[PDB]
Every structure is written in structure tokens, then in C-alpha cells.
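The form deposited in one PDB entry is given below as one chain in C-alpha cells.
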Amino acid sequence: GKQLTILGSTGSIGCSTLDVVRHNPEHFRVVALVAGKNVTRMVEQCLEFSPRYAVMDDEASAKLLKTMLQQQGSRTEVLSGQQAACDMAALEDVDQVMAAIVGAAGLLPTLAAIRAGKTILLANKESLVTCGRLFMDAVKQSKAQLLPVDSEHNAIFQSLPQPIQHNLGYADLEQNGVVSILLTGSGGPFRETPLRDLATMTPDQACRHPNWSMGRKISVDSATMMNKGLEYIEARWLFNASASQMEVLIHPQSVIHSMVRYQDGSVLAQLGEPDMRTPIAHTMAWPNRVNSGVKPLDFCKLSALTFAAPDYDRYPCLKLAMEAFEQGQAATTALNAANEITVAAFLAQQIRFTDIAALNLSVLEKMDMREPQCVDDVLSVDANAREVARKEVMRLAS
């Protein structure tokens, strides 16, 4: 059995991950769980998976969790703080780490697992957006095995050749016969909407994700294709791909999750249901497979599969992301930060749907900062981008 520590175990990814171990108790053993302040869910997971440690990101939560565990008779050792999270990610005993702590808080714990040479199940896919160079370098200098969890990068991973799967990031694409990586996205709810109407779209309309449902923030990123922009940035880093080795394709049905084009003309693709348990189960079991609880894709109950090229006038964020990648990590993390501010603003009805792209671009222009050399530097750029975005949102709605 493989032992693991789950960074951000109470979130959607963590729960799905735990569902997978529940489907394969013999194969997986939970050594440590780390979360934020959701004490109630953490108690249940502790009582259900018997981890050696449980870490909350706060003293009040740790004590409150420690009280309920003992009241229930559990002997799980409780801890709190970022440093503890990092220790769990580096436990001598654990084989793989599910990195699901989103945002800046997930940076160091994920980095800690990389240096420890663990097998990383990268769910915190946004960390490559800010620390792409830092992370891939650390990955190569420790031989840690990266296994992308997000649906798109996972599909690509599965469609990639073995020599690349192992040595992910520091492997040569052209040398393994790979022509390009085909990143796919639904195009959002405003795929066929008249451009002239994009400015009047409402938060409710923007949050109607085409197929499956998800958070409001990630729904809007899907409508602006900023999510495809961030994933593009991540892919480049994760698969050592150039601009000419990347292709973005709209696929409304989202049956195909992404593909890889090969030298001889072949295109390999991964398909399935929109259940995160599939990519998650894939990474956990790699190089083998395990039951994930996800039902088999029924090809007789599918909508006709179509494709199309992304129109940049309709998705400026997508072009904006590609441009930032060429600009550097300072640009990508600023774009990410700004977008986080403008999307929240749009959702709070402070700005129009179309202002998201305009304001994201405006923040990038004003930035012009020194490429971060460490996480703390990444943090500063981020902090500076959010305030610039906040000011623009304010001077916009004023």
C-alpha cells in the first residue's frame, strides 16, 4: 500500500481523493491530512481514515479539532501552521503527496514535497502559474515525480509517451516524437453569443457552466477562457513545451479532455466523464490503474463531438495569458492575481463581464517588475498586482 499526506483534504479534490482510497483501502493508507478551518469535516476524515497526523492552518482550529478527536476517542496527533503542513508533505514514510492547497498557502508545502522527492499529485495546478521555473528546477534536481491532477493536464499526461511520463518537465518533446500538446476547453457559456452582448452578460449567466457545474469564480474563468490561459501557462512548464508545441482548441462537449499530436500524424486523446475521481485515481495508481467509482463513458449517449479555434476577440484573456508567458513569471503571477481581483469584482457586480479582460491587461501594463527568484518574491508581485487591480476596479466604479 502507498502512504500519502493530503494537502487540503477537506476541499472538493481532497474529498474525491479520499473517496478513491475508500474504494481501495488495501492500496492506499492515509498518513496525514492537512486542511484550513473546516474542523467538522476534518473530524470525520480522521475518524474514517485513521491518519497519524491531522493539521489545521490555525491554532484555534487545531485545539478545537483536538478536543473533538479525543472526545471521540481518536489518537490522531493534531498540529497547525504552515511549517507543520510542510513536514507532513516531507514525511519520510509517505510515498505520494496530493497537493490540493490552492493559492499562495499551497506554495511552500508543495515545494517541500518536491525537495523531499515525493511523488506529487499536483492539484494545486496554479502553483506552476507563479513558480513554474522554481518548481520544475526543484523537480529535476530531486527526481520527484510530478503527476498532474487537473483534467486537462492529466489527459495530456496519459496521452504522452512513457519516457516523458517519467521525467516529466525535464524531458524533450520533439525527441520523443511529440509535435504539440492540444489543450481543450468548452469555450464557456458565451461561446455563440454576439460579441456586442458580452458587456451586458450577468454573473448568473456567466456562471452557467456549459456541462457540469462548478464554483462561481472558476465558472467565469471558463467563460473568459482565462482558465485555458492559466492551463496553457502551466502546460508549457509542466511538459517543457514551446509556443509552437501548444495548441488551444474549443470542444463544447468536453468529452475529450485534451490530446497530444505525434510526428507520424497520430493524435492520442483521453476521454471520460466530468468526474475528478478519474484523473485523481489515475495519478494515485500510476503506472497502474484502480477503480475510481466513476461510471464507464457511454458512447451511445453523447452529443456529436465538435471542435473550433478560439477567437481572440471573444477570448482576449486567452491571448493575454499566452503573451504573459512570453513576458515571464512576473507577468503570469500578476495576471493570475489581477484576474482574481477582477473576477470577484464582476461577481460582486462592480464591473462588467468585458472589464475583466480590459482590467487584467491594464494591470499587466502597469506592473513591470523584477522576475521573482523565490516564493517570497512571487508573493510580493502577487500582492502588488492585487492592489493595482483593486485600485482600477475602484477608479472604474467611481
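Sequential numbering from 1, following the sequence displayed. Under this definition, the rigid core comprises the largest set of C-alpha atoms superposing within 1.5 Å between the forms.
There is also a form deposited in another entry; it is not shown, and the following applies to it.
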(request) Compare the position of the CA of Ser219 between the shown form and the other one after a rigid core fit and state whether the shift reaches 2 Å. (result) yes
(message) Tell me whether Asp197 is among the residues that move between the shown form and the other one (Cα shift of 2 angstroms or more, core superposed).
(response) yes
(message) For a quick test of reading the superposition: does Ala35 move by 2 Å or more at the CA between the shown form and the other one, rigid core aligned?
(response) no
